[PDB]
There are 4 protein chains.
Amino acid sequence: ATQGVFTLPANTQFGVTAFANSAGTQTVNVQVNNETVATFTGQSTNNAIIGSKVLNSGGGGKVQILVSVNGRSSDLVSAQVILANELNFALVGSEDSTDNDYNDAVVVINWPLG
Amino acid sequence: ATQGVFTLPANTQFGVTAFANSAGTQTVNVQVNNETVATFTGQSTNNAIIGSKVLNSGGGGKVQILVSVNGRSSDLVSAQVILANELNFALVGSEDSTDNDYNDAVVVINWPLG
Amino acid sequence: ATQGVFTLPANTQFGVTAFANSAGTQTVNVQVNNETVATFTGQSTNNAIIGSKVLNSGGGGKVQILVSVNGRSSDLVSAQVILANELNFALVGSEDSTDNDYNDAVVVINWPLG
Amino acid sequence: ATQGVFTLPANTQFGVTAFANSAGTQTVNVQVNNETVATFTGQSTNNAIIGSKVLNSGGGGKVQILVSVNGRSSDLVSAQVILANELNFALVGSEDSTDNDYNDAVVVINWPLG
Ligand SMILES: Cc1cc(S(=O)(=O)NC[C@H]2O[C@@H](C)[C@@H](O)[C@@H](O)[C@@H]2O)c(C)s1
Ligand SMILES: Cc1cc(S(=O)(=O)NC[C@H]2O[C@@H](C)[C@@H](O)[C@@H](O)[C@@H]2O)c(C)s1
Ligand SMILES: Cc1cc(S(=O)(=O)NC[C@H]2O[C@@H](C)[C@@H](O)[C@@H](O)[C@@H]2O)c(C)s1
Ligand SMILES: Cc1cc(S(=O)(=O)NC[C@H]2O[C@@H](C)[C@@H](O)[C@@H](O)[C@@H]2O)c(C)s1
Ligand SMILES: [Ca+2]
Ligand SMILES: [Ca+2]
Ligand SMILES: [Ca+2]
Ligand SMILES: [Ca+2]
Ligand SMILES: [Ca+2]
Ligand SMILES: [Ca+2]
Ligand SMILES: [Ca+2]
Ligand SMILES: [Ca+2]
């Protein structure tokens, strides 16, 4: 299945935060309605935050996360979870090699804000 | 039910990160095997990161998140999600008032690291 | 927090299924837009299905699960999870006593159907 | 990533339940520690329960779900969620064709029982 694609409510503020756990330099691309609106590039093996931004989901509400290392796409896994019928998490893990820890770039999307 | 309590595998490195979305100053306490090992304090209405740390789950693996605002315990909601049978998220929302957005402090715990 | 309350898309078919794991007879009430539309009653300590139905979420999309044993309300825990940005689960556990297994009645709501 | 594979605690009773939502007849295979221990078969476009069983996770705790339609493997999506640090759901969706609803067979694994 396609992974890393989420339908948010339209015209809604959301946060996106990426963590790195890999020897490879992670490039996280955030697309809103098929346009790149944020890019984080960084490296850590200690869960360092490579970026965090507030964005708007726009008319279509489509948010897509892509992760690559040195131009090669990582394999993605994702899910959305809702707590208290209001607090939303859209979660992405990614794997750049063969150890299958899926933590090489970890991306958390959260809404609502404020 | 009790919320914000998670059993991690023993002696395992994990990340903990907190975001704020409230007029109130949030105080997030992280306990590992019933000892306070991190405290994050801050205020934001725009998803600022008020803290992020790497910790070890120790012999018992017990991790508890507490959130308080101006001396009062916030109401917590929580769940753990596992992707690809390997990548773990322990998620906490909290509510300091009556609007029930449960985003006033948002806490994400993730493992494995590295 | 309030638990067992979910907002579904309006006017949408969904399934609801209840399992029992308790010495006590479980009463599961399913409310759609604040009206009880199904009641499942049964007893099992081995995960028997005490009820399953297909229902419609109506204009407001509000679905609420209540669980009681001999007229006394059980304590609830709940979350919603979405896979492949399409497949939805709304999950409820409940506790009728003090062992905190939260499996005494387990309720799974799923959509879309068809 | 591999999907539909879950590590349960060893030697633990669990429930597995499957629903169908497709014109195609679903065959759900349940493997425990790499041995087939249950097969559920049926055809419904209205969320019929095509099987429910109680099984034991054995020494290794490995549970795998496979889904096929007339001999052809469906594409799987999956995740595990834990509520109240105790109640576990292992969730599978599957897609037999081109609409990407991922509901064609839906499988819910739950533990603990009793
Ligand atoms: C410079 C690059 C190294 C790799 S890799 O294939 O070795 N993958 C990085 C691995 O780093 C380990 C320390 C560990 O975190 C493992 O999970 C990770 O996949 C590149 C692709 S680029
Ligand atoms: C200085 C403090 C104000 C409050 S409060 O009860 O008003 N709660 C804060 C509320 O802030 C809003 C901007 C919004 O984020 C809302 O969700 C939040 O509960 C204190 C408790 S302390
Ligand atoms: C006949 C009744 C017994 C109880 S109870 O309070 O003892 N709770 C039932 C308990 O049953 C156990 C077998 C186990 O499943 C436990 O988790 C459950 O809470 C009534 C309330 S009525
Ligand atoms: C090319 C293929 C067609 C089928 S099918 O005819 O069995 N249809 C499967 C579809 O049934 C619909 C009613 C709907 O539930 C849809 O989601 C489902 O995939 C194949 C098995 S392969
Ligand atoms: Ca890796
Ligand atoms: Ca890694
Ligand atoms: Ca609030
Ligand atoms: Ca708030
Ligand atoms: Ca109980
Ligand atoms: Ca029980
Ligand atoms: Ca389909
Ligand atoms: Ca279908």
# chains A, B, ... in the order shown; residues from 1 in each chain; ligands from 1

$ residues_near_ligand --ligand "ligand 5" --cutoff "9 Å" --atoms "only C-alpha atoms and all ligand atoms" --output "tab-separated table (two decimals) with C-alpha atoms, in the first residue's frame"
chain	number	residue	atom	x	y	z
A	21	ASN	CA	18.45	7.53	13.81
A	22	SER	CA	20.87	6.47	11.07
A	23	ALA	CA	24.40	6.76	9.74
A	94	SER	CA	11.34	4.82	7.35
A	95	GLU	CA	14.06	2.32	6.53
A	96	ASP	CA	17.15	3.21	4.49
A	97	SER	CA	18.82	-0.21	4.61
A	98	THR	CA	18.20	-3.82	5.72
A	99	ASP	CA	18.15	-3.89	9.53
A	100	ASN	CA	14.45	-3.04	9.56
A	101	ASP	CA	14.42	-0.78	12.62
A	102	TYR	CA	12.26	1.68	10.58
A	103	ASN	CA	13.54	4.58	12.70
A	104	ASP	CA	16.05	6.05	10.28
A	105	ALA	CA	13.83	9.08	9.87
B	114	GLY	CA	20.07	4.45	16.77

$ calpha_fit_and_write --fixed "chain D" --moving "chain A" --output "PDB file with C-alpha atoms, in the first residue's frame"
ATOM      1  CA  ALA A   1       7.765  -3.598   4.839  1.00  0.00           C
ATOM      2  CA  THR A   2       6.423  -6.952   5.815  1.00  0.00           C
ATOM      3  CA  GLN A   3       2.838  -6.569   7.106  1.00  0.00           C
ATOM      4  CA  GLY A   4       0.533  -8.872   9.096  1.00  0.00           C
ATOM      5  CA  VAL A   5       3.289 -10.249  11.379  1.00  0.00           C
ATOM      6  CA  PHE A   6       3.067  -9.696  15.122  1.00  0.00           C
ATOM      7  CA  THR A   7       5.114 -10.762  18.131  1.00  0.00           C
ATOM      8  CA  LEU A   8       2.798 -11.675  20.991  1.00  0.00           C
ATOM      9  CA  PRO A   9       3.876 -12.636  24.508  1.00  0.00           C
ATOM     10  CA  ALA A  10       4.748 -16.325  24.577  1.00  0.00           C
ATOM     11  CA  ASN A  11       2.215 -19.001  25.447  1.00  0.00           C
ATOM     12  CA  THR A  12      -0.678 -16.571  25.525  1.00  0.00           C
ATOM     13  CA  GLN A  13      -4.310 -17.038  24.531  1.00  0.00           C
ATOM     14  CA  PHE A  14      -5.552 -14.620  21.864  1.00  0.00           C
ATOM     15  CA  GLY A  15      -8.585 -14.100  19.673  1.00  0.00           C
ATOM     16  CA  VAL A  16      -8.603 -13.768  15.892  1.00  0.00           C
ATOM     17  CA  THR A  17     -11.678 -12.570  13.969  1.00  0.00           C
ATOM     18  CA  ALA A  18     -12.102 -11.901  10.231  1.00  0.00           C
ATOM     19  CA  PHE A  19     -14.666  -9.752   8.398  1.00  0.00           C
ATOM     20  CA  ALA A  20     -15.319  -9.701   4.611  1.00  0.00           C
ATOM     21  CA  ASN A  21     -16.150  -6.688   2.357  1.00  0.00           C
ATOM     22  CA  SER A  22     -15.586  -7.825  -1.230  1.00  0.00           C
ATOM     23  CA  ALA A  23     -17.093  -9.573  -4.229  1.00  0.00           C
ATOM     24  CA  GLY A  24     -14.104 -11.959  -3.986  1.00  0.00           C
ATOM     25  CA  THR A  25     -14.113 -14.985  -1.679  1.00  0.00           C
ATOM     26  CA  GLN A  26     -11.567 -14.324   1.090  1.00  0.00           C
ATOM     27  CA  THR A  27      -9.197 -16.947   2.461  1.00  0.00           C
ATOM     28  CA  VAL A  28      -7.568 -15.892   5.736  1.00  0.00           C
ATOM     29  CA  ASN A  29      -4.673 -18.084   6.927  1.00  0.00           C
ATOM     30  CA  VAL A  30      -3.444 -17.753  10.547  1.00  0.00           C
ATOM     31  CA  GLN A  31       0.042 -19.053  11.265  1.00  0.00           C
ATOM     32  CA  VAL A  32       1.462 -19.435  14.759  1.00  0.00           C
ATOM     33  CA  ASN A  33       5.228 -19.977  14.803  1.00  0.00           C
ATOM     34  CA  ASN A  34       5.116 -20.729  11.062  1.00  0.00           C
ATOM     35  CA  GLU A  35       2.371 -23.413  11.247  1.00  0.00           C
ATOM     36  CA  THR A  36      -1.171 -22.914   9.937  1.00  0.00           C
ATOM     37  CA  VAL A  37      -3.555 -23.221  12.876  1.00  0.00           C
ATOM     38  CA  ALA A  38      -6.732 -21.579  11.489  1.00  0.00           C
ATOM     39  CA  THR A  39      -8.231 -20.920   8.040  1.00  0.00           C
ATOM     40  CA  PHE A  40     -11.397 -18.943   7.319  1.00  0.00           C
ATOM     41  CA  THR A  41     -12.948 -18.895   3.788  1.00  0.00           C
ATOM     42  CA  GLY A  42     -16.063 -16.851   3.048  1.00  0.00           C
ATOM     43  CA  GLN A  43     -17.679 -13.974   1.189  1.00  0.00           C
ATOM     44  CA  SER A  44     -19.635 -10.840   2.060  1.00  0.00           C
ATOM     45  CA  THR A  45     -20.020  -7.225   0.965  1.00  0.00           C
ATOM     46  CA  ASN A  46     -21.715  -6.399   4.302  1.00  0.00           C
ATOM     47  CA  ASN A  47     -18.932  -6.929   6.941  1.00  0.00           C
ATOM     48  CA  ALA A  48     -19.994 -10.472   7.774  1.00  0.00           C
ATOM     49  CA  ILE A  49     -17.801 -12.399  10.144  1.00  0.00           C
ATOM     50  CA  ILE A  50     -16.211 -15.318   8.302  1.00  0.00           C
ATOM     51  CA  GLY A  51     -14.555 -16.730  11.407  1.00  0.00           C
ATOM     52  CA  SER A  52     -13.479 -16.160  14.985  1.00  0.00           C
ATOM     53  CA  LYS A  53     -11.193 -18.455  17.000  1.00  0.00           C
ATOM     54  CA  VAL A  54      -9.168 -18.565  20.195  1.00  0.00           C
ATOM     55  CA  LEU A  55      -5.578 -19.683  19.766  1.00  0.00           C
ATOM     56  CA  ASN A  56      -2.354 -19.882  21.751  1.00  0.00           C
ATOM     57  CA  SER A  57       0.764 -17.941  20.689  1.00  0.00           C
ATOM     58  CA  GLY A  58       3.132 -20.790  21.644  1.00  0.00           C
ATOM     59  CA  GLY A  59       6.770 -20.645  22.499  1.00  0.00           C
ATOM     60  CA  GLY A  60       7.902 -18.088  19.939  1.00  0.00           C
ATOM     61  CA  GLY A  61       4.834 -15.813  20.090  1.00  0.00           C
ATOM     62  CA  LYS A  62       4.902 -15.285  16.291  1.00  0.00           C
ATOM     63  CA  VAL A  63       1.502 -14.695  14.673  1.00  0.00           C
ATOM     64  CA  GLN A  64       1.190 -14.113  10.924  1.00  0.00           C
ATOM     65  CA  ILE A  65      -1.928 -13.350   8.888  1.00  0.00           C
ATOM     66  CA  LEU A  66      -2.053 -14.111   5.168  1.00  0.00           C
ATOM     67  CA  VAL A  67      -4.991 -13.207   2.939  1.00  0.00           C
ATOM     68  CA  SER A  68      -5.678 -14.546  -0.557  1.00  0.00           C
ATOM     69  CA  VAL A  69      -8.487 -14.521  -3.107  1.00  0.00           C
ATOM     70  CA  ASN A  70      -8.698 -17.479  -5.543  1.00  0.00           C
ATOM     71  CA  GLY A  71      -5.036 -18.265  -4.756  1.00  0.00           C
ATOM     72  CA  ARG A  72      -3.669 -14.713  -5.309  1.00  0.00           C
ATOM     73  CA  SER A  73      -2.166 -12.886  -2.308  1.00  0.00           C
ATOM     74  CA  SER A  74      -3.867  -9.657  -1.251  1.00  0.00           C
ATOM     75  CA  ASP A  75      -1.833  -6.621  -0.344  1.00  0.00           C
ATOM     76  CA  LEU A  76      -1.723  -6.184   3.454  1.00  0.00           C
ATOM     77  CA  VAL A  77      -1.546  -3.236   5.828  1.00  0.00           C
ATOM     78  CA  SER A  78      -1.206  -3.648   9.604  1.00  0.00           C
ATOM     79  CA  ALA A  79      -0.469  -2.100  12.982  1.00  0.00           C
ATOM     80  CA  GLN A  80      -0.598  -2.978  16.695  1.00  0.00           C
ATOM     81  CA  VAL A  81      -2.232  -0.651  19.242  1.00  0.00           C
ATOM     82  CA  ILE A  82      -2.162  -0.942  23.039  1.00  0.00           C
ATOM     83  CA  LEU A  83      -4.737   0.796  25.287  1.00  0.00           C
ATOM     84  CA  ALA A  84      -4.414   1.252  29.076  1.00  0.00           C
ATOM     85  CA  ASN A  85      -0.971  -0.368  28.820  1.00  0.00           C
ATOM     86  CA  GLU A  86      -2.711  -3.777  28.695  1.00  0.00           C
ATOM     87  CA  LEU A  87      -5.338  -4.208  25.970  1.00  0.00           C
ATOM     88  CA  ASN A  88      -3.743  -5.196  22.663  1.00  0.00           C
ATOM     89  CA  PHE A  89      -5.122  -5.075  19.131  1.00  0.00           C
ATOM     90  CA  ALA A  90      -3.209  -6.384  16.125  1.00  0.00           C
ATOM     91  CA  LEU A  91      -5.060  -5.089  13.045  1.00  0.00           C
ATOM     92  CA  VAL A  92      -4.862  -6.153   9.388  1.00  0.00           C
ATOM     93  CA  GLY A  93      -6.503  -4.735   6.293  1.00  0.00           C
ATOM     94  CA  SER A  94      -6.195  -6.255   2.857  1.00  0.00           C
ATOM     95  CA  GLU A  95      -6.784  -5.269  -0.756  1.00  0.00           C
ATOM     96  CA  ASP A  96      -7.662  -7.784  -3.477  1.00  0.00           C
ATOM     97  CA  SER A  97      -7.971  -5.308  -6.348  1.00  0.00           C
ATOM     98  CA  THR A  98      -7.370  -1.626  -7.219  1.00  0.00           C
ATOM     99  CA  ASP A  99      -9.973   0.455  -5.368  1.00  0.00           C
ATOM    100  CA  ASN A 100      -7.743   0.622  -2.300  1.00  0.00           C
ATOM    101  CA  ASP A 101     -10.444   0.403   0.365  1.00  0.00           C
ATOM    102  CA  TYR A 102      -8.233  -2.189   2.164  1.00  0.00           C
ATOM    103  CA  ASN A 103     -11.326  -3.736   3.773  1.00  0.00           C
ATOM    104  CA  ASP A 104     -11.705  -6.796   1.581  1.00  0.00           C
ATOM    105  CA  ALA A 105     -10.731  -8.979   4.498  1.00  0.00           C
ATOM    106  CA  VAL A 106     -10.300  -7.184   7.831  1.00  0.00           C
ATOM    107  CA  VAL A 107      -8.633  -9.172  10.634  1.00  0.00           C
ATOM    108  CA  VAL A 108      -8.628  -8.250  14.324  1.00  0.00           C
ATOM    109  CA  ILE A 109      -6.371 -10.051  16.815  1.00  0.00           C
ATOM    110  CA  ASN A 110      -7.007  -9.212  20.502  1.00  0.00           C
ATOM    111  CA  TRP A 111      -5.383 -10.170  23.803  1.00  0.00           C
ATOM    112  CA  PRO A 112      -5.407 -10.744  26.724  1.00  0.00           C
ATOM    113  CA  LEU A 113      -8.515 -12.878  27.017  1.00  0.00           C
ATOM    114  CA  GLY A 114     -10.444 -13.931  30.096  1.00  0.00           C
TER     115      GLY A 114
END

$ select_by_dssp --residues "chain B" --states "strand (DSSP E)" --output "JSON, numbers by chain"
{"B": [5, 6, 7, 13, 14, 15, 16, 17, 18, 19, 20, 21, 22, 23, 24, 25, 26, 27, 28, 29, 30, 31, 32, 35, 36, 37, 38, 39, 40, 41, 42, 43, 44, 45, 46, 47, 48, 49, 50, 51, 52, 53, 54, 55, 56, 62, 63, 64, 65, 66, 67, 68, 69, 72, 73, 75, 76, 77, 78, 79, 80, 81, 82, 83, 87, 88, 89, 90, 91, 92, 93, 94, 95, 105, 106, 107, 108, 109, 110, 111]}
